[PDB]
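Below you will find one chain, with nothing else, as structure tokens; this is the form deposited in one PDB entry, and questions on how it binds or moves follow later.
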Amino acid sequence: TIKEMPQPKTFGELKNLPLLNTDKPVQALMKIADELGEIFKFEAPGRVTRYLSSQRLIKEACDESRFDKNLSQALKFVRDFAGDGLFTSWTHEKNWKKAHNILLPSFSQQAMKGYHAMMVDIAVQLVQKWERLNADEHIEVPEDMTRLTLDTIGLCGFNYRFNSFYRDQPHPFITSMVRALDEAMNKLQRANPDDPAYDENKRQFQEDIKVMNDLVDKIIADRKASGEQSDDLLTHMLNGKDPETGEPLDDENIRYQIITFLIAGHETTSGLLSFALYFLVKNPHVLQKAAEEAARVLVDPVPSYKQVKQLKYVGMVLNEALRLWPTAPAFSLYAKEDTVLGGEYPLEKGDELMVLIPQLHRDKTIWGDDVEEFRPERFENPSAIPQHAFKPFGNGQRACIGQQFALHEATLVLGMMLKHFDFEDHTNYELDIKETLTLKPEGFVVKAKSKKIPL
């Protein structure tokens, strides 16, 4: 039977917009979802969004015959610097399928064998940093995880060393990319974006886009001018031809792909690693079981690709961290045609949906009563998890191309962390989640006591 959709409290002509006038809009939407349930309508002047929280409805939203990836307003603002890269392109843009066909082989489980040595290079820099801390000192977790994952995708992406472990102040490119992401997300909250109040914001945004284009376009030009054939994503993009069109990517699109990969490495994997370590220090029995696996498997000074594949429990820890705090917390869909969601909610062609991944992952009909508990054992058997219950990498053909890359890096790094150190939650850290494009545990600090195992 056709149901009226719940809607949170309104602010006259501003409708629901002021509810997201916060530095934590995703956590605000999770609290709305807790109050209103599996679906709610969110209205702003000239905009309707429907927020889905239940596996019951999200399993329908994930039907690619009925729904396609939508560019959320957030992604439309990110598109001002990520262009028609894979992340901010519509499925129907020629450059989406072309880049997708060219890059899939670069992102395969098989390509990970090739990236492994460069991931180890950065992972060993992280371990060495922590081995070199003095007795009184602590680790700034998301800070060090962001140094790591930015550097990894720099090196694997285009053989470029951001040298993040040599620095306090980020590489200039990163200061521009972070400020551009911040501007993109802040613009969601401007009820009148064309105010001159926001004129300095507009001008900084253009300068930041230039910094990004200049380093990346110079990186591409330098690579073309050298003729060097390093086994990185830039080489694959310069030489690759789409089997369908027979065309290569042009230099502008390659720039967008590189900016996109840097956004991904900086924002996502670092969040996952930060949440995984958070849950391990809060669940000492789970930390011990993961530490036991790392010690049993990582028998060599340098982990091998094959050894990373054997860190099953560490992979379960990462999936459980993705369940409770999916660092990429939402994706947007549009109805390809008029359709009825869940037998109750009529949608028109073009109607926009937001999938609230943290809420999906807390659906008690799927996960049961222990849903807030950190239990990696939930992930022992992928076949025992219902369809579309677990979506930290999005859905279908528009799912994360980087999923294998991210999980290989996170497994390697967390394996080495658990092999080399005992960890202390010395401050009894109270989770405080900072929102950019992604969720990260802000101010998360630990102490690492070396097990004194040489590299």
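Take the two forms, superpose them, and find the largest set of C-alpha atoms that agree within 1.5 Å; that set is the rigid core. Note that residue numbering follows the sequence shown and begins at 1.
There is another form of this protein, the form deposited in another entry, and it is not shown here; the text below is about that form.
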Discussion item. Only one of 327, 260, 176, 89 crosses a C-alpha shift of 2 angstroms between the shown form and the other one, counting 2 angstroms or more, core aligned. Which residue?
Written reply: 176
Fill in: Cα displacement of residue 246 between the shown form and the other one reaching 2 Å, rigid core superposed
no
Practice prompt. Verify the C-alpha shift of residue 218 between the shown form and the other one: is it 2 Å or more after superposing the core?
Written response: yes
Worksheet entry | Core-aligned CA displacement of residue 228 at least 2 Å between the shown form and the other one | yes
Worksheet item: If the CA atoms of residue 227 and residue 256 move by 3 Å or more in the other entry, do they move toward each other or away, so closer or farther than here?
Response: farther
Worksheet item: With a C-alpha distance change of 3 Å or more, do residue 226 and residue 165 lie closer or farther in the other entry?
Response: closer
